[PDB]
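Written below as structure tokens is the structure these notes are about.
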Amino acid sequence: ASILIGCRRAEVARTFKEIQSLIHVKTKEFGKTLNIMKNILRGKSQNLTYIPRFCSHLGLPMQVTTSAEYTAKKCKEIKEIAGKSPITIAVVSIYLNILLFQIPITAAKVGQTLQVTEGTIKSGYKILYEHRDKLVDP
DNA sequence: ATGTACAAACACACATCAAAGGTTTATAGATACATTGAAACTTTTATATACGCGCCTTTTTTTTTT
């Protein structure tokens with residue numbers, strides 16, 4: 001966690017699974033340890049980071065990533081709490097925007113590359129195949 | 001005349017002393033287990049809250065011999 005602290009506190013945010021890949025922490029000993037730790041400094045006293053690191057993991061040009069910052073922020077800004085650990089609803093912006101482009105990143109390839117449920121995608125994409133109205137920049 | 005068994009030098013052949021060193025092993029360093037008690041550890045639950053995932057469980061599709 002002090003890494004996840006040290007990471008996020010250094011303005012680089014990584015998912016719990018990502019560190020879990022580095023160290024298997026039973027995903028639970030992580031959580032309780034984090035809460036105290038954060039409050040350790042508070043007494044001693046940001047999911048945006050995920051959009052680009054994902055695009056590169058798929059090897060995409062900047063525009064597809066460029067757009068998602070607008071889309072995810074705009075999808076976040078109005079409504080759609082949408083997600084229970086917004087890690088997922090980040091990726092759907094790529095999926096939203098990758099389909100706005102025509103580049104083969106077929107859902108199955110997305111999943112294992114980013115180790116995400118496929119179900120959260122399409123249902124997450126439900127709120128997108130309907131919200132396709134206001135993301136028109138050009 | 002006359003040299004011979006006998007025992008003293010007189011410098012030496014002979015038994016002794018002494019440094020060195022492999023080998024053995026208690027003896028100890030360090031070693032790897034063997035003990036155990038002790039506290040750091042596990043469990044319910046239900047309880048809604050809002051998740052999945054796999055597995056309970058099932059419906060629809062899928063496949064060899066006479």
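Identifiers in this document derive from the order of the structure tokens: chains are assigned A, B, ..., residues are numbered from 1 separately in each chain, and ligands are numbered from 1 in order of occurrence.
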
If the cut-off is 12 Å, can you tell me the residues of chain A near chain B, counting only C-alpha atoms (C1' of nucleotides)? I'd like them as a PDB file with C-alpha atoms, in the first residue's frame.
```pdb
ATOM      1  CA  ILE A  81     -22.055   6.912 -11.063  1.00  0.00           C
ATOM      2  CA  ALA A  82     -21.619   3.747 -13.045  1.00  0.00           C
ATOM      3  CA  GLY A  83     -19.244   1.144 -11.945  1.00  0.00           C
ATOM      4  CA  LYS A  84     -18.261   0.049  -8.440  1.00  0.00           C
ATOM      5  CA  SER A  85     -14.487   0.754  -8.773  1.00  0.00           C
ATOM      6  CA  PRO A  86     -14.579   2.967 -11.885  1.00  0.00           C
ATOM      7  CA  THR A  88     -14.198  -0.692 -15.549  1.00  0.00           C
ATOM      8  CA  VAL A 116     -11.469  -7.110 -17.010  1.00  0.00           C
ATOM      9  CA  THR A 117     -14.878  -8.729 -16.978  1.00  0.00           C
ATOM     10  CA  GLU A 118     -16.559  -8.730 -20.373  1.00  0.00           C
ATOM     11  CA  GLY A 119     -19.972  -8.389 -18.752  1.00  0.00           C
ATOM     12  CA  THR A 120     -19.251  -4.978 -17.261  1.00  0.00           C
TER      13      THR A 120
END
```

Residue set, chain A restricted to helix (DSSP H, G or I), as a PyMOL selection string: chain A and resi 2-9+16-22+29-44+47-58+62-78+87-100+107-114+119-129

Skip residue 17 (chain A) itself and residues of its chain fewer than 6 positions away, then list as a short mmCIF file (atom, residue, chain, number, x, y, z; two decimals) with N, CA and C atoms, in the first residue's frame all residues within 12 Å of it, counting only C-alpha atoms (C1' of nucleotides).
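Contents of out02.cif, freshly written:
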```
data_model
loop_
_atom_site.label_atom_id
_atom_site.label_comp_id
_atom_site.auth_asym_id
_atom_site.auth_seq_id
_atom_site.Cartn_x
_atom_site.Cartn_y
_atom_site.Cartn_z
N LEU A 4 1.30 1.84 -3.31
CA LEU A 4 0.11 2.45 -3.89
C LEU A 4 -0.05 3.86 -3.36
N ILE A 23 2.57 -8.18 -6.04
CA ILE A 23 2.54 -8.88 -4.76
C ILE A 23 1.14 -9.42 -4.57
N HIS A 24 1.03 -10.71 -4.28
CA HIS A 24 -0.26 -11.29 -3.93
C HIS A 24 -0.54 -10.96 -2.47
N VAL A 25 -1.54 -10.12 -2.24
CA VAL A 25 -1.84 -9.64 -0.90
C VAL A 25 -3.17 -10.15 -0.39
N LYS A 26 -3.76 -11.14 -1.07
CA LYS A 26 -5.04 -11.71 -0.68
C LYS A 26 -6.15 -10.67 -0.84
N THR A 27 -5.80 -9.50 -1.37
CA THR A 27 -6.75 -8.48 -1.80
C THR A 27 -7.50 -7.90 -0.62
N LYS A 28 -7.31 -8.50 0.55
CA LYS A 28 -8.00 -8.09 1.76
C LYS A 28 -7.05 -7.47 2.76
N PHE A 30 -4.64 -6.06 1.95
CA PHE A 30 -4.43 -4.77 1.31
C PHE A 30 -5.39 -3.73 1.86
N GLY A 31 -6.69 -4.03 1.83
CA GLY A 31 -7.68 -3.00 2.04
C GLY A 31 -7.62 -2.40 3.43
N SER A 85 -15.88 0.71 -8.31
CA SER A 85 -14.49 0.75 -8.77
C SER A 85 -14.40 1.15 -10.24
N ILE A 87 -12.60 1.66 -12.46
CA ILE A 87 -11.63 1.03 -13.35
C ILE A 87 -12.34 0.55 -14.61
N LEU A 114 -6.44 -6.42 -20.58
CA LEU A 114 -6.63 -5.56 -19.43
C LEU A 114 -7.22 -6.28 -18.24
N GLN A 115 -7.45 -7.59 -18.33
CA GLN A 115 -7.91 -8.39 -17.21
C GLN A 115 -9.17 -7.78 -16.60
N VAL A 116 -10.21 -7.69 -17.43
CA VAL A 116 -11.47 -7.11 -17.01
C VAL A 116 -12.59 -8.07 -17.37
#
```

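Separating CA of residue 74 (chain A) from CA of residue 16 (chain A) is a distance of 24.8 Å.
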
d(CA of residue 125 (chain A), CA of residue 73 (chain A)) in Å: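 About the pair CA of residue 125 (chain A) and CA of residue 73 (chain A): they are 15.7 Å apart.
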